[PDB]
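Peer 1: Below you will find the structure I want to go over with you.
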There are 6 protein chains.
Amino acid sequence: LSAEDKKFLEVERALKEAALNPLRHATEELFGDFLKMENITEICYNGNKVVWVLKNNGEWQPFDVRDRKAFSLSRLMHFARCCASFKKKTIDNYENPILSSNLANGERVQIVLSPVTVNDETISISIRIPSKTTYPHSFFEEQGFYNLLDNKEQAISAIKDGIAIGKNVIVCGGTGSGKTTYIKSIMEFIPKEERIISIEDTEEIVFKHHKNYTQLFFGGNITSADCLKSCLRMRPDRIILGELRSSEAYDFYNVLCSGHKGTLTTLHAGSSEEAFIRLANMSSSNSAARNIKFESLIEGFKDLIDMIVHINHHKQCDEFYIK
Amino acid sequence: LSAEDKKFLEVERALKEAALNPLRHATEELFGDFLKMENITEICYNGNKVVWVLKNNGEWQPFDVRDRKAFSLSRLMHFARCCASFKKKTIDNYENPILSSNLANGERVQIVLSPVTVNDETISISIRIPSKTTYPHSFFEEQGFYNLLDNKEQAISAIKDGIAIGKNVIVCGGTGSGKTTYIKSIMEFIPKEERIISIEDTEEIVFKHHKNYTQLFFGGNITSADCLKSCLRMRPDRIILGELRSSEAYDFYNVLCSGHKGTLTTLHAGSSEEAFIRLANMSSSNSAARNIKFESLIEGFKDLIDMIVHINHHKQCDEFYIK
Amino acid sequence: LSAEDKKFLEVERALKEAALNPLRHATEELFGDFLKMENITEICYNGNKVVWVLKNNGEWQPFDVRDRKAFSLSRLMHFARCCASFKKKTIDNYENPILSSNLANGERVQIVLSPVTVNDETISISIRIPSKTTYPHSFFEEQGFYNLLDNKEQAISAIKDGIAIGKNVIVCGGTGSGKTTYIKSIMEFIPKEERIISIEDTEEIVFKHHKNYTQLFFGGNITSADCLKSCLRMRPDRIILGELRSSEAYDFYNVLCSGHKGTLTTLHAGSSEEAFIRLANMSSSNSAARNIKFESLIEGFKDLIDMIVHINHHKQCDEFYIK
Amino acid sequence: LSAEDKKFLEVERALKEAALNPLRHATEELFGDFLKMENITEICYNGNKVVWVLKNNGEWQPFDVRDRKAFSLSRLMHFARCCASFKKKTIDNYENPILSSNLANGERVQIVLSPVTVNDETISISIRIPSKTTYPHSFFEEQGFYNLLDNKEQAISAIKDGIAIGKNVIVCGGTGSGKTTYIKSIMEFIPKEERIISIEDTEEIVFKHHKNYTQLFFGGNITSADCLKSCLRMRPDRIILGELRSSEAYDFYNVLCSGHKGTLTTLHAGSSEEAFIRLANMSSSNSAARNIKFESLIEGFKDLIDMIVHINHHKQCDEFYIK
Amino acid sequence: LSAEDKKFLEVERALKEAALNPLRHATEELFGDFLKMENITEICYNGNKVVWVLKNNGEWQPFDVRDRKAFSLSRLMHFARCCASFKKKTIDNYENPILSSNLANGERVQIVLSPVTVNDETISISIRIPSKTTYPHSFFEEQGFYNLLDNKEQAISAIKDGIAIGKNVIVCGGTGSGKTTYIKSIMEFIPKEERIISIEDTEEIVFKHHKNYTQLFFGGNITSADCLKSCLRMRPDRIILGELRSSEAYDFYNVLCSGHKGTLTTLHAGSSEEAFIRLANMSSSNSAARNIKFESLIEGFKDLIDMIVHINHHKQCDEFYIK
Amino acid sequence: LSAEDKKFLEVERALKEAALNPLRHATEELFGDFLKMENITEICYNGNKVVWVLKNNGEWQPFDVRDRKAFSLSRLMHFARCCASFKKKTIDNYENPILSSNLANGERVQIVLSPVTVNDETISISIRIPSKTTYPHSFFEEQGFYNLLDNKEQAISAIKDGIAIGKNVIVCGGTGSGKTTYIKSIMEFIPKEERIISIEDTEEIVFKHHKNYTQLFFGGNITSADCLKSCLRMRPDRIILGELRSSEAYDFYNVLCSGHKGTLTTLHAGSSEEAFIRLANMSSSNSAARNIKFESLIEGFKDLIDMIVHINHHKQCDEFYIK
Ligand SMILES: Nc1ncnc2c1ncn2[C@@H]1O[C@H](COP(=O)(O)OP(=O)(O)O)[C@@H](O)[C@H]1O
Ligand SMILES: Nc1ncnc2c1ncn2[C@@H]1O[C@H](COP(=O)(O)OP(=O)(O)O)[C@@H](O)[C@H]1O
Ligand SMILES: Nc1ncnc2c1ncn2[C@@H]1O[C@H](COP(=O)(O)OP(=O)(O)O)[C@@H](O)[C@H]1O
Ligand SMILES: Nc1ncnc2c1ncn2[C@@H]1O[C@H](COP(=O)(O)OP(=O)(O)O)[C@@H](O)[C@H]1O
């Protein structure tokens, strides 16, 4: 069937390779050395002959690229153009100086040009590196993930036993704090017989304890809401929503309201209460919420969310809310 | 008259068989062995050479299909196209990677293609098997359906008598819990002299006690609201609405507010209170509810619903709300 | 003037006869025997060779039509097609499987086809028979219409004296309970010098005690609201609104608010209070109500409605609300 | 200048007489005898060979017209067409069976045709006779207008003096009660030095005490709001708004809120309180009121209206609300 | 530069003169004698051979123009046509019988024609004469502007010292009461070093104590809001808003909310509190206010307005609100 | 690489210089002497042969330009056109008499022409000079910036330490008070290791303590919301939003609600409380805020804003709100 399968994919593969190879070459040329670096979370070029890399230890390390032709205005613009085209977009110095796209393997990219940047010779690029490593929960415990807590042994038992039972857990905190890395490690305590369905923007979640699952990805014309809606027609036991953002908020609400089994999700929020308040906000941005009261929404989540885990800028839990 | 009926149906039957036979063959070809299985509730192929089946006992059973040509990419894709075309739709790797359709006999089907799936060689399919068996209420009793209740004899008498009198009953719980199977066995206590009108998507309700009845089905351009609206112009005694979903919620509301006799329906809700809240929500998503207060809607349902029955994940009633 | 009047109507009559005669023949062919039956309220064909008739005594009587060619698929489809065309509509197995229309003399008809009905050989038809008989109030008294009341002689005097004075009365209850038949009998106590204007969908109201009146009928492009609005420009003493349904609700509201004389109307409602609540609902579905509070509407009707009469399924008054 | 004025008006007069004379003849032909009658308030033909006239004493008088060619269907229809065309409209048995128009001299006219009327041979017409007579306030006093009041001398002094000072007065009650006739006689107490601007549909208000004034009439594309808006740009002292209807309500509100001197108007309301509620309602039907609370609107009118006068069906004041 | 400047304006001047001269001649012909009159505030022609002039002493003085050809229908229509054209409008007896325009020097004009006026030979015209005289504050004091006050010397010191400091003052009252004349006189107490920017419809404000200022005027396609918005980009010390009316209300609100320096404005209102209520009303008519509460708006103005001055119909202050 | 960079920029530079040089000459020609002046904040020409300059000490200084050809009407008009064309706009005496644009180096410019100005020979121009100087925090201290406070040493320590920790600070006051100059000097206390991203209209913020940063500018089709939205996809540590205006308010809100690190911004508000109210207002003008309560928005900001600093018209802090 492989031979017969190769002829089946021949046309579609060919079309991707023609569109992606120019971008694979430009990406390696400019950022190969940096994308090879260990424990990095972001790479940024500020348009001034210096590349800034952000380590997981919260430190920014600059690199001089003054003597490289890859950081020549014409090479940078080629790269930008390869990025836009890959996602069927355009980037120019008029109606499209800001561009959102992805590299060949999925990492998100943000490019800005003149007139939006300070001047003529300044091109701005920033790439976000996905969570590509899985640390076992045991590791978190050893690194003292729960030490800033008063009920350390109570937190560690609520998480493990809570998720085994299928409670709706939310992991929140600021960017690059470890939310995605954390939800991944706790998937250990989901029974191995559970059917799991994930909704992501970029492949990050790995399945090492489950054989019955399906990954769903959004982008371009397929929204997050589309996937979630499709997900409900695919009989899941658990639903892992990569991260909440906007209108998906409301659709998420109803999924908890139909009394559905254990949902895992990440979200940007400063604390438990800022979360319950943030869930109501994002939820109002979606049409089918107009006739619903803000207090009605906040009181809903507070009744459906079984536990919230917040993480500070030092990658440690400093609040373990439980209902 | 059968000779004349046959010539009357000649053109429509020919058009359906032309469009449905490519589908019947492909469906048999891939899932014939699985659709023959007993006591199943779902069939899922996760695009990785294994077919997962969900049994009524809540267990998933994997089946290896590595040495089958039916699960070859070209054969799967032929099946997907046959699924789309049957419902006058299209499925492709661009603007239509997600598809909702039905098999020849009604079972709902969900298909996802790349770029939404994880990759190029991954096609995801999931089929939902309808409630095709009728178990007599006596059977539920014997299986200990009400054993988890403090008022067992009181519940069993509220149901039998309540429904004989024509009270508005609702059965909620999660997917595959047995709500449809339950409302079916309960129809025994509806007087045989009652005209019954049902509204379903897939044929599931059988009539073994009633001779005066009409079934209405929705799909495509015909909404559930449409059938409900036609229903009211058909003079029913009882109305069985297969399952509440979005906009129908509000039309449902009015039918209760007009004093109408015993309505029976199913809903996805975690509990009595979550139901009263859920009915208010879905009811707000429909236009002619704009000027209505959420508190007005929730209390309206509370006064009109005579009794709610919730079912856990073990197929047992764990709450018998009565007004 | 009759000769000169016949030539005036010649063209319009001819056009109706060409359109209505095919329907007069098809109607007699299939349902003549049933439309001749005494004390019936509805006739239904479920598409299974049996015609069900509903008696005023609440009993359904089946009739076997297995040996009739009028109930042949081709004869049934002809009938359906004659119904649609008469109201300038279309009925088919695609975008128009549900049809609402009327027979030649006004009775409302509801036809449903495949794919909405269960299958290929099932055509559903249901005809509602209008109130065509007038029972004198005395009759209601003799049949014990008010016996289930604690203040029987008080009810009988409030109705008679109340309507003589011109109070806003509402008759409510479920379908086929006798609301229309009741409002008709009480018209006896409206002074014979009153100018009366009725708004109906189907001619049912007769005038045996009044000489100064005008009947108004709605349908197709002329809504109920249109008639009511026209009615207010025709100087009425009393207004008899056949039955409240939707947007007419609000227009009805203002008619009571301008402090207008005695209005009679029927409505589907389970009880007094469900009525005041139902009047507010229907009233919000009409645009010019957006800026009005639900409590503002309910409190209005409660101040303008002078008495409500509710009727149960046994055709007896079981609640006589008075303000 | 009259010779030059005549040539200036030649083309417009010719165009009006061409369009109005077919109407003057048909109107004379059918209703000449009835429009000559004294003390009438309405003329109705119910399509059944009888013309009903409503006298100021509240009695209806029938007149047999069975042997008149004017009430022949073709002659009635000619009259209807002449009515429609005069106001650049159309009347037919399809999309325009209901017509609102005016006779040559202004009287409003309402015409209804089949299918809206009961049948083919039924044409309904109703004509409203304007307040064409002025009775001096002294006459109202002599007829016992205020005899139903506890504070007779106090009412009669509040009116005379109140209006002399310029307070905002409203006259309400039902159709044909005498509100317009009342506000007319009351104008006696408005100082003769006041510039008065009126807004009517039909000419009814006469000026026997004032020399500085301008009349504004609305109809067709010119709304009441239009005239009110122009009015404010004409520097009035007093404003007489013939009668409040829909949207004008809100524009009316603002005029009171700007401190403007004594406004006089008529409204259809059952009582003082029903008026304050009715003004809030009609005021909400106009856009620029969306963001205004119903309680805000009701209280606004209460503080601004200086005195309301209600009139029963016997043409007597039965409530004299003063602030 | 004057010679070079004349050639620069040659084309635009020529175009205005061709459009304005016909109107300069028609205006002098009909109203020259009246526009020359001293202390007048309005001139009105009611279409009945009499011109009414309104003196500042509140008296209307009629003038007979029966023997003038300028008041011939053809001369009046020429004048009307010259007015419409000047503002690029049209005036006729169909879709444009109401016209708002201005004479050559700015005065506002309102013309109404048949069918809106009573009849065929009646043309209505009304011209408002702008405040063209500046009385020094001392004069107001001598005429006893503050005598009806209990704290006369307190009022006179609050106004003088308050405006010197830059407090937000509002002058209100009815038309022709002296609001504009009053704000003009108090500009004496604005420090002469202040940059002043006015927003007017008609030039009325004079600058006799300030050298650094710019006048802004609205009309046609340039709204009041446009000017105010432009004004905020022209670094003003004080802002004098000729008069508040509608949507400008809200824009005005924000200008006070950004904590901006001393604003002077006039408004039509019966009293202090009617003003705070009127400011909230007009403010809601502007889109960007939808999500703001009426009580939220009223409480805002009440916190930002430092003092209100109301004037009665005798040109005297009868209420001096201070916060 | 500079040779290749030059050829890469050849076409864009040529296009800008073609469009910008006519502007550089005209600008030099009229305002060269004034743009060279020290410590100015605005330049205004009021169309009357005098140029007004506003000095940092709040004084306006007039300069006579009567004998200059640059202020000739044709030369001023050439300059206006050059201003409009540079920003792809048009300025004329019809539909575009008001213009908002910028000079060659960024300074904002506002131009008004007749009919908006008082007359034909009057062209109004006003130029805003950007904060182009950086004064060290120590300088503010020496000038007595905090001397008007009761808690001087407490304010000076809350600022230094507060900002070092990353609290959300806001600087408000009126135009030209020194908010931008203040936030600039305060950046000293932001750790040098922080990645800073700024959003301005005109380049004003300098970076003398930070090496990792990116500037974003908005104008034309690129909104402030756009840059803020791109900003969040660039991984900043601190975000400096030049100044809050309309819609950005709400996007700003969310950024605070996501727990994001220390944001610094400027706003036009009279005081702390006026700010919290002002943030709620501007935030409501943006769509996705519809379903949010004004009280919900005001309290949201209060909990998230860590400290507000207001500045009077003498360039001194007169209120130091801390949470
Ligand atoms: N009480 C029961 N005992 C054994 N099997 C059951 C029972 N109730 C339902 N089932 C089986 O479980 C499956 C799911 O039931 P169904 O009524 O369709 O669920 P729901 O509508 O709530 O998703 C069916 O195939 C049915 O035959
Ligand atoms: N006080 C009165 N006495 C006798 N006749 C009256 C009196 N008031 C009104 N009428 C007559 O009654 C009719 C209706 O009066 P009108 O003022 O037009 O009523 P409304 O505007 O309230 O409908 C008129 O023809 C008028 O001449
Ligand atoms: N104090 C005063 N004494 C005499 N005449 C005045 C006085 N104040 C105003 N007037 C005159 O009265 C008229 C009132 O108009 P105006 O001042 O513009 O008031 P508003 O804007 O409120 O209509 C003007 O023609 C003005 O010249
Ligand atoms: N504390 C200060 N002392 C002296 N001059 C100042 C001070 N603060 C600001 N300035 C000057 O005043 C002008 C306006 O300051 P700026 O920060 O741009 O105001 P804002 O943004 O609030 O309008 C600038 O030209 C600046 O150089």
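Residues are referred to by chain and number: the chain letter is A, B, ... according to the order shown in the structure tokens, the number counts from 1 in that chain, and ligands are numbered separately from 1 in the order shown.
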With only C-alpha atoms as the counted atoms, please give the residues lying no more than 6 Å from segment 231-243 of chain B, apart from itself and same-chain residues fewer than 4 positions off, as a PDB file with C-alpha atoms, in the first residue's frame.
Peer 2:
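Output file out10.pdb is given in full below:
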ATOM      1  CA  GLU B 194     -52.179   9.566  22.605  1.00  0.00           C
ATOM      2  CA  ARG B 195     -51.095  10.994  19.240  1.00  0.00           C
ATOM      3  CA  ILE B 196     -47.275  11.198  19.414  1.00  0.00           C
ATOM      4  CA  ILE B 197     -45.019  13.339  17.217  1.00  0.00           C
ATOM      5  CA  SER B 198     -41.231  12.925  17.344  1.00  0.00           C
ATOM      6  CA  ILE B 199     -38.302  15.091  16.119  1.00  0.00           C
ATOM      7  CA  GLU B 200     -35.009  13.357  15.555  1.00  0.00           C
ATOM      8  CA  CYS B 227     -39.864  20.494  12.478  1.00  0.00           C
ATOM      9  CA  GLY B 262     -46.350  16.247  28.383  1.00  0.00           C
ATOM     10  CA  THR B 263     -43.140  16.859  26.401  1.00  0.00           C
ATOM     11  CA  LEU B 264     -40.193  14.513  26.717  1.00  0.00           C
ATOM     12  CA  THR B 265     -36.693  15.395  25.671  1.00  0.00           C
ATOM     13  CA  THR B 266     -32.975  14.740  26.231  1.00  0.00           C
ATOM     14  CA  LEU B 267     -30.177  17.201  26.991  1.00  0.00           C
TER      15      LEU B 267
ATOM     16  CA  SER C 126     -53.321  17.288   8.739  1.00  0.00           C
TER      17      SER C 126
END
Peer 1: At a cut-off of 9 Å around ligand 2, and using only C-alpha atoms and all ligand atoms, what residues come up? Please write them as a VMD selection string.
Peer 2: chain D and resid 38 to 42 55 to 57 129 to 135 139 to 141 143 to 145 171 to 184 204 242 to 243 266 to 268 311 315 to 316
Peer 1: Please find the residues of chain B near chain A - the criterion being any atom within 7 Å, counting only C-alpha atoms - and write them as a ChimeraX atom specification.
Peer 2: /B:46,69,72-74,110,116-118,126,174,268-270,274,278,284-285,290,294
Peer 1: Identify all residues of segment 125-285 of chain F in strand (DSSP E or B) (DSSP on the backbone) and supply them as a ChimeraX atom specification.
Peer 2: /F:125-128,169-173,196-200,213-217,219,222,238-241,263-268
Peer 1: At a cut-off of 9 Å, using only C-alpha atoms, what residues contact residue 305 of chain B? Leave out same-chain residues fewer than 4 positions from it and give the result as a PyMOL selection string.
Peer 2: chain B and resi 167-170+256+276+300-301+322-323
Peer 1: Export, as a PDB file, in the first residue's frame, the selected residues with N, CA and C atoms.
Peer 2:
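Output saved as selection_19.pdb:
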ATOM      1  N   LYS B 167     -46.679  15.074  32.215  1.00  0.00           N
ATOM      2  CA  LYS B 167     -45.857  16.126  32.796  1.00  0.00           C
ATOM      3  C   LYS B 167     -44.651  16.253  31.891  1.00  0.00           C
ATOM      4  N   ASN B 168     -44.061  17.445  31.837  1.00  0.00           N
ATOM      5  CA  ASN B 168     -42.887  17.708  31.006  1.00  0.00           C
ATOM      6  C   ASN B 168     -41.626  17.148  31.652  1.00  0.00           C
ATOM      7  N   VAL B 169     -41.121  16.036  31.111  1.00  0.00           N
ATOM      8  CA  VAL B 169     -39.926  15.379  31.649  1.00  0.00           C
ATOM      9  C   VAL B 169     -38.693  15.548  30.773  1.00  0.00           C
ATOM     10  N   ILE B 170     -37.532  15.657  31.413  1.00  0.00           N
ATOM     11  CA  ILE B 170     -36.277  15.816  30.698  1.00  0.00           C
ATOM     12  C   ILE B 170     -35.284  14.803  31.192  1.00  0.00           C
ATOM     13  N   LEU B 256     -43.716  25.130  26.040  1.00  0.00           N
ATOM     14  CA  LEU B 256     -44.032  24.784  27.416  1.00  0.00           C
ATOM     15  C   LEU B 256     -44.928  25.897  27.997  1.00  0.00           C
ATOM     16  N   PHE B 276     -31.199  23.598  34.162  1.00  0.00           N
ATOM     17  CA  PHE B 276     -31.992  24.833  34.196  1.00  0.00           C
ATOM     18  C   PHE B 276     -31.186  26.041  33.706  1.00  0.00           C
ATOM     19  N   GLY B 300     -38.408  30.573  34.232  1.00  0.00           N
ATOM     20  CA  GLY B 300     -39.498  30.097  33.401  1.00  0.00           C
ATOM     21  C   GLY B 300     -39.439  28.587  33.284  1.00  0.00           C
ATOM     22  N   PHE B 301     -38.241  28.077  33.010  1.00  0.00           N
ATOM     23  CA  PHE B 301     -38.049  26.644  32.846  1.00  0.00           C
ATOM     24  C   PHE B 301     -38.305  25.896  34.139  1.00  0.00           C
ATOM     25  N   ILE B 322     -37.885  16.541  41.294  1.00  0.00           N
ATOM     26  CA  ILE B 322     -39.327  16.634  41.040  1.00  0.00           C
ATOM     27  C   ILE B 322     -39.767  18.029  41.532  1.00  0.00           C
ATOM     28  N   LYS B 323     -40.756  18.642  40.883  1.00  0.00           N
ATOM     29  CA  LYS B 323     -41.251  19.980  41.280  1.00  0.00           C
ATOM     30  C   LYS B 323     -42.312  19.937  42.441  1.00  0.00           C
TER      31      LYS B 323
END
Peer 1: How many Å lie between atom CA of residue 97 of chain E and atom CA of residue 63 of chain E, rounded to one decimal?
Peer 2: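 Rounded to one decimal, the two atoms are 25.5 Å apart.
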Peer 1: In Å, rounded to a single decimal, give me how far atom CA of residue 225 of chain E is from atom CA of residue 247 of chain E.
Peer 2: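 Computed distance, atom CA of residue 247 of chain E to atom CA of residue 225 of chain E, equals 7.3 Å.
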Peer 1: Which residues come within 9 Å of residue 320 of chain D, counting only C-alpha atoms, excluding same-chain residues fewer than 6 positions away, as a list in words?
Peer 2: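 The contact residues come out as residues 149, 151, 155, 272, 307, 308, 309 and 310 of chain D.
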Peer 1: Residues at most 7 Å from residue 124 of chain D, counting only C-alpha atoms, excluding those fewer than 4 positions away in the same chain, as a list in words?
Peer 2: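 The filter keeps residues 45, 46, 47, 111, 112 and 113 of chain D.
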Peer 1: What separation in Å, quoted to one decimal, exists between atom CA of residue 279 of chain C and atom CA of residue 297 of chain C?
Peer 2: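 Between atom CA of residue 279 of chain C and atom CA of residue 297 of chain C the gap is 8.1 Å.
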